[PDB]
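Protein chains: 2
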Amino acid sequence: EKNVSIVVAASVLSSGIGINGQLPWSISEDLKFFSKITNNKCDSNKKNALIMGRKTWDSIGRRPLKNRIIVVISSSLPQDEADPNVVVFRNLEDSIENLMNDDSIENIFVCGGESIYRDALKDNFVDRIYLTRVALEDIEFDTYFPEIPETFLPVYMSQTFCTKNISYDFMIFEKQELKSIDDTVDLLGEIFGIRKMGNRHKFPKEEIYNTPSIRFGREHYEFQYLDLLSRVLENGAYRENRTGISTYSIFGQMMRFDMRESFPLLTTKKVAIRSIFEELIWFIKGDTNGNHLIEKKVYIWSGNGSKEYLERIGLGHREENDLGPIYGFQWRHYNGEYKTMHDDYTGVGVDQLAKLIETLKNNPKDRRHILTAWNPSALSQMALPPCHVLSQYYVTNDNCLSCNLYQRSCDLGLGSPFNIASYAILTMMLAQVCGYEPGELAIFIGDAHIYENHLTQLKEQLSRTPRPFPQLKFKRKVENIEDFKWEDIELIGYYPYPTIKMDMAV
Amino acid sequence: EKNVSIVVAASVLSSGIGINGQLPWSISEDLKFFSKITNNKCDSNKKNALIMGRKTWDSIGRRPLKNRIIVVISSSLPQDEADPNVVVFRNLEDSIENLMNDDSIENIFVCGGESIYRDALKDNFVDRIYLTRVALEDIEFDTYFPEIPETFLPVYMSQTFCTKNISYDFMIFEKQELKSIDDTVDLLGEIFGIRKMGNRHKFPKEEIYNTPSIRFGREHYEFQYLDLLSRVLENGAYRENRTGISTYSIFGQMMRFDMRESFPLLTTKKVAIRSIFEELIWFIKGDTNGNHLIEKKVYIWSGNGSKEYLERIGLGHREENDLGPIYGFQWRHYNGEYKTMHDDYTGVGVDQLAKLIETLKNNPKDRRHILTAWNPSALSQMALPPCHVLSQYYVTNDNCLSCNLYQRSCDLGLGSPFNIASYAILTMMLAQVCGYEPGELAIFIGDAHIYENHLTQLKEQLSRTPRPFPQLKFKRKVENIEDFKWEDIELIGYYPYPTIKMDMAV
Ligand SMILES: NC(=O)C1=CN([C@@H]2O[C@H](COP(=O)(O)OP(=O)(O)OC[C@H]3O[C@@H](n4cnc5c(N)ncnc54)[C@H](OP(=O)(O)O)[C@@H]3O)[C@@H](O)[C@H]2O)C=CC1
Ligand SMILES: NC(=O)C1=CN([C@@H]2O[C@H](COP(=O)(O)OP(=O)(O)OC[C@H]3O[C@@H](n4cnc5c(N)ncnc54)[C@H](OP(=O)(O)O)[C@@H]3O)[C@@H](O)[C@H]2O)C=CC1
Ligand SMILES: CN(Cc1cnc2nc(N)nc(N)c2n1)c1ccc(C(=O)N[C@@H](CCC(=O)O)C(=O)O)cc1
Ligand SMILES: CN(Cc1cnc2nc(N)nc(N)c2n1)c1ccc(C(=O)N[C@@H](CCC(=O)O)C(=O)O)cc1
Ligand SMILES: N#Cc1ccc(C(=O)O)c(NC(=O)c2ccc(Cc3c[nH]c4nc(N)[nH]c(=O)c34)cc2)c1
Ligand SMILES: N#Cc1ccc(C(=O)O)c(NC(=O)c2ccc(Cc3c[nH]c4nc(N)[nH]c(=O)c34)cc2)c1
Ligand SMILES: O=c1[nH]c(=O)n([C@H]2C[C@H](O)[C@@H](COP(=O)(O)O)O2)cc1F
Ligand SMILES: O=c1[nH]c(=O)n([C@H]2C[C@H](O)[C@@H](COP(=O)(O)O)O2)cc1F
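Same order as they appear, the protein sequences are chains A and B. Numbering (full-length UniProt numbering) for the first sequence: 3 to 179, 193 to 521. Numbering (full-length UniProt numbering) for the second sequence: 3 to 179, 193 to 521.
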């Protein structure tokens with residue numbers, strides 16, 4: 003009685019694993035993973051058995067794998083005894099004799115074709131599953147990995163890796179069948208009420224925890240957003256705000272995202288990447304004219320830039336979509352005397368973005384790469400004060416550009432994914448213009464809240480197990496950061512769950 | 003063979019537990035902890051045995067404890083059989099008969115006096131220790147808890163709690179004698208180099224991890240600073256900066272601190288609390304004259320305000336200690352045209368602090384309680400750009416004031432403890448002036464670094480197991496936040512480790 007694990011690499015949606023007797027991709031790191039996971043043994047005087055079908059045995063050139071014993075399932079192959087590293091069995095059931103006898107085999111790995119997988123799961127021989135999810139779906143498959151039976155639960159999901167612009171994951175599925196510290200903490204929490212800080216940051220209940228079976232392996236960085244949603248649903252205080260829609264709010268949170276091997280665009284919900292990009296390039300150009308976004312079919316600033324909203328907050332003198340000095344006016348003309356959105360501001364104010372780029376590519380190890388939008392002198396003239404308030408940038412020793420963002424207020428339903436993707440794109444643009452590679456993205460949030468009309472939606476979003484992050488590449492190298500266009504962005508391998516409509520609070 | 007646990011409450015330094023036949027304190031929550039930990043059983047048809055000496059039996063009025071069986075060690079008390087909840091034994095060894103026979107006893111708790119503790123540890127009967135560390139040391143003791151033998155290791159240290167201005171901790175000591196996810200993550204880290212983000216955030220080695228035996232119980236929030244030190248020592252990249260002293264640096268970190276039941280002043284090192292307060296009140300008053308700190312024997316801004324340093328950074332025109340528009344000039348006179356430190360600035364600039372107080376006590380659930388110091392227009396005039404760049408404040412539904420701080424650059428050796436204590440004191444002042452209670456303190460750090468001349472020192476600081484945080488109370492209620500004086504602050508129960516001298520990089 004020893005352990006049996008399926009090892010498979012399948013596509014993200016249709017679970018395709020093969021085409022015309024070969025793999026539908028060429029990912030070197032995945033083969034290295036197969037090698038390291040099938041060689042992983044505990045006894046130096048024992049080998050691991052790799053069970054595979056005959057067509058799979060043909061796919062690998064009918065040559066043995068070092069340090070391992072290959073077990074070919076076939077009804078026609080001669081039961082040869084010349085090669086001691088290759089043995090043939092007539093059916094999958096008889097080949098599980100490695101359990102009963104043959105104490106020289108430690109672990110068993112089912113890694114054959116669809117025919118072997120399907121009745122290795124049907125016969126209930128499989129204890130574990132090592133699944134490599136690959137983000138390739140608009141190609142042709144003829145061999146699929148069967149649907150994972152409900153008796154398996156995911157216990158690990160790695161970060162998204164990238165090979166030849168192809169995104170992929172690593173997951174573990176397990177088949178389902193000291194306490195003194197926990198008891199002491201529970202007793203202390205019973206004694207002290209909300210006096211014990213742990214009780215103000217309670218762990219989210221299972222019913223609001225995305226993919227609850229993954230306890231110790233929540234490595235995929237989309238969990239940095241779903242777990243924040245869960246924490247707000249668990250500990251969020253019900254509070255009224257400037258709008259008629261109350262929120263559930265907490266204070267002081269953070270999220271980390273990798274940008275080296277993936278792009279942090281949420282997969283549990285289709286995110287409008289084009290509107291995000293157009294808003295970001297609108298910021299970079301220094302523009303505060305709200306019509307330029309409406310002309311490009313981007314209506315995210317329509318609510319805060321209407322005649323009724325502007326008159327209500329005391330800006331009736333302002334034109335229809337004249338949002339005033341906001342993001343992109345403090346970026347390019349900080350402390351600049353604002354008049355209207357039609358005036359010329361070339362020369363006035365402090366060009367924070369230009370000085371930022373100059374410092375990034377002239378003094379990288381400087382600790383002052385800071386872009387701010389909080390200007391107390393101009394707050395009254397704004398249609399809406401800056402939410403993503405401050406950002407800092409950091410050049411690592413291996414020429415990567417990381418970004419930190421402090422955001423005073425975060426609408427986790429709508430604003431948060433937009434902010435994540437927007438500052439990821441901005442860091443990538445800065446990295447290309449300065450000659451670096453994208454690094455990491457940290458977001459520090461003050462008032463993290465969920466509007467009460469989003470609950471039914473966000474809980475729905477928590478029911479969807481995440482998929483690997485896509486890739487975002489630039490088609491050309493620009494000369495100035497303002498020259499980026501939507502046609503220059505290629506979004507590779509983005510297979511999200513369907514969009515979830517959520518109304519914005521004005 | 004069942005479990006035996008000492009339960010004791012002792013002072014932090016001298017380990018005193020009694021005086022004149024009674025306790026040297028009156029902490030109700032500690033008695034509730036004793037009750038809940040001695041009643042904690044798994045079988046409803048079994049009782050727990052509480053072993054105590056005769057003088058301790060007198061201390062509790064010679065009356066039984068509900069649901070438990072008291073075992074009095076005494077050579078003179080009559081071995082009575084009338085009370086089935088109290089039994090007398092002539093020596094401690096014979097009383098351990100609960101192990102061999104008497105299957106109706108589940109757990110055993112040694113909670114007697116010094117005489118019982120000392121030879122319960124000497125006789126090697128004790129498996130666990132539940133220690134309540136109390137921050138009271140300048141009083142009289144006549145009964146002490148013996149030194150914990152080296153065979154025990156701490157596995158848990160709670161947050162600091164407060165009762166009647168008395169700080170206390172809860173610790174567990176244990177006597178010393193799935194892997195698939197870890198293996199998969201290790202293999203992925205072998206495949207991908209620094210491509211896997213986990214390899215850029217490696218867990219600190221044991222040799223640089225403060226109190227390494229506490230793995231799952233690092234609840235005490237001083238660990239939020241020691242763990243950041245360890246993370247920098249593990250992953251910090253060696254980088255040169257504007258000073259001649261290079262650092263080991265990482266990007267994007269955070270620390271949380273409770274302020275409801277304690278004051279986050281580090282105990283692993285004696286921190287100059289008076290200098291912190293004087294700098295903070297110097298900020299609040301709007302002052303940039305560095306001599307006012309030197310006249311009060313506070314020399315922390317001398318290095319960045321010398322004739323040589325000012326001439327080197329291009330401010331030779333500036334007077335000796337005229338630091339320029341910095342902390343407290345952007346607080347009280349934001350965007351105000353700075354001349355010298357001698358001019359009158361009452362009226363010029365935006366008084367951010369006053370508007371902050373007004374918004375805090377007039378619109379608490381507002382999401383714009385923001386105090387900034389990053390002014391791109393005034394950066395060139397500063398002797399040093401702002402390190403603690405941005406701060407946000409939050410009023411909870413139970414009328415507590417929490418604070419978030421974004422700091423662009425953090426000298427973990429010198430600047431970080433000062434920043435922690437300083438923003439804690441500032442939040443407390445704002446809470447008193449606005450009529451709230453102190454909440455939580457979150458610090459978000461960009462470039463967190465350790466200067467290379469601090470290593471030997473900081474490693475030393477990592478060798479000291481933390482002690483409970485002290486308390487900080489205000490003696491009077493002021494009318495304006497500027498009226499605070501050093502004599503108004505009472506620092507209760509601060510018993511730190513000796514100071515560690517560390518030189519500042521100019
Ligand atoms: N992405 C991934 O992780 C993997 C992908 N693949 C790909 O999948 C494809 C191959 O899979 P697939 O088409 O299913 O072929 P298989 O690898 O499953 O091999 C099938 C052969 O195995 C034998 N066999 C299967 N079931 C039985 C049985 N119940 N009793 C007796 N013999 C049996 C038969 O051999 P015989 O006719 O001689 O009797 C059969 O022809 C290839 O493209 C391969 O590259 C393969 C492995 C892994
Ligand atoms: N902070 C805390 O957690 C606790 C504090 N305390 C405090 O400590 C003080 C009391 O402790 P302490 O002074 O040490 O007195 P003890 O509680 O240890 O009791 C001592 C008595 O126990 C009996 N005894 C002790 N050792 C032996 C032995 N080897 N064989 C037989 N009998 C023995 C003797 O009784 P006899 O003379 O009758 O034979 C002795 O007089 C009190 O102030 C109490 O409040 C007590 C418990 C917990
Ligand atoms: C059965 N098969 C098809 C195949 C391809 N990719 C997969 N990928 C995964 N994640 N899991 C599988 N079962 C899998 N199987 C294989 C198996 C081994 C090799 C192979 O050449 N392995 C070398 C790889 C050496 C390397 O590139 O470092 C080894 O040492 O294991 C190729 C195809
Ligand atoms: C022996 N002793 C002295 C005393 C005082 N504080 C301690 N504190 C600790 N952490 N550990 C001890 N062994 C301890 N012992 C005791 C023991 C019980 C009670 C007592 O009254 N216990 C009630 C407490 C009721 C409560 O306040 O809710 C109980 O239910 O156990 C007082 C003093
Ligand atoms: N699922 C989903 C989904 C699908 C489509 C879209 C889309 O528009 O294509 C979308 N996004 C928004 O609707 C959106 C996003 C970001 C913003 C930014 C903003 C400015 N002012 C704010 N005020 C408040 N309260 N909240 C805010 O988010 C903001 C404003 C609107 C979400
Ligand atoms: N252990 C210990 C210990 C004991 C005594 C003292 C003391 O002075 O009583 C002390 N503190 C400082 O020396 C100190 C603290 C904070 C500051 C703030 C600051 C301004 N400019 C900076 N430049 C750089 N590089 N680093 C900085 O921290 C700053 C400047 C100096 C530490
Ligand atoms: O980038 C943004 N992210 C975001 O979450 N909001 C939401 C947060 C909140 O719902 C509202 C700000 O309201 P207030 O100014 O009162 O904090 O805008 C707005 C942005 F522009
Ligand atoms: O409150 C402070 N906190 C702090 O950490 N520093 C340190 C951080 C850094 O080591 C140095 C200067 O930072 P920089 O070199 O980016 O100007 O001051 C200074 C303060 F005033």
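We treat Cβ as the ideally placed atom computed from N, Cα and C, and that holds for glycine.
Burial state of residue i, where buried means 16 or more other Cβ atoms lie within 10 Å
i	result
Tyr119/B	buried
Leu295/A	buried
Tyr240/B	buried
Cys44/A	exposed
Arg92/B	exposed
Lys217/A	exposed
residue 185/A	Because chain A is numbered 179 and then 193 with no intervening positions, residue 185/A cannot be located in this model.
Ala446/B	buried
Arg491/A	exposed
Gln476/A	buried
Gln178/B	exposed
Proximity to residue i [Cα-Cα], best of the options
i	options	result
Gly204/B	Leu330/A, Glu31/A, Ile71/A	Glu31/A
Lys57/A	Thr40/A, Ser77/A, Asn50/A, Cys44/A	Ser77/A
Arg482/A	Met212/A, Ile196/A, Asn214/A, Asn225/A	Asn225/A
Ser392/A	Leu470/A, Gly259/A, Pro400/A	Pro400/A
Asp413/B	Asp197/B, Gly450/B, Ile75/B	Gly450/B
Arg479/A	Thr283/A, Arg333/A, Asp518/A	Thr283/A
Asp503/A	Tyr509/A, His469/A, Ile440/A, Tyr512/A	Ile440/A
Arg333/B	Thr355/B, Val313/B, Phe499/B	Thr355/B
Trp346/B	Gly329/B, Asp358/B, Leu368/B	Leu368/B
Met397/B	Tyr324/B, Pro432/B, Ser406/B, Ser437/B	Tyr324/B
Residue i: CB within 8 Å of a non-hydrogen atom of ligand 1
i	result
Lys34/A	no
Under 7 Å by beta carbon: chain B residues contacting residue i
i	result
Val365/A	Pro391, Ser392
Partners in chain B for residue i, counting only beta-carbon separations shorter than 9 Å
i	result
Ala84/A	Those do not exist, as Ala84/A stays about 33 Å from chain B at its closest Cβ, beyond 9 Å.
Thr387/A	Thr387, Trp389, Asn390, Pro391, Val404, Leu405
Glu255/A	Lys380
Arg135/A	Near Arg135/A there are no residues of chain B at all, since even the closest Cβ is about 14 Å away, more than 9 Å.
Neighbouring residues, chain A, relative to residue i (Cβ below 9 Å)
i	result
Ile341/B	The contacting residues do not exist; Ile341/B stays about 14 Å from chain A at best.
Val157/B	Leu193, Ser195, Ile196
Contacts that residue i makes with chain A (C-beta to C-beta distance below 8 Å)
i	result
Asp96/B	Chain A residues near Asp96/B: none, gap ~27 Å exceeds 8 Å.
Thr411/B	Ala252, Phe266
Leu202/B	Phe35, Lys38, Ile39, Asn42
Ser417/B	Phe266, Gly267
Any non-hydrogen atom of ligand 5 closer than 8 Å to residue i Cβ
i	result
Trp316/B	no
Proximity test, residue i beta-carbon vs ligand 2 heavy atom, cut-off 8 Å
i	result
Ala12/B	yes
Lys49/B	no
Near ligand 8: residue i beta-carbon under 8 Å from a heavy atom
i	result
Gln422/B	yes
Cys425/B	yes
Residue i: CB within 8 Å of a non-hydrogen atom of ligand 3
i	result
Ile62/A	yes
Within chain B, partners of residue i - CB distance below 8 Å
i	result
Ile206/A	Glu31, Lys34, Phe35, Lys38
Per-residue contacts from residue i into chain A (C-beta, under 7 Å)
i	result
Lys211/B	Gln161
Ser424/B	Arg382
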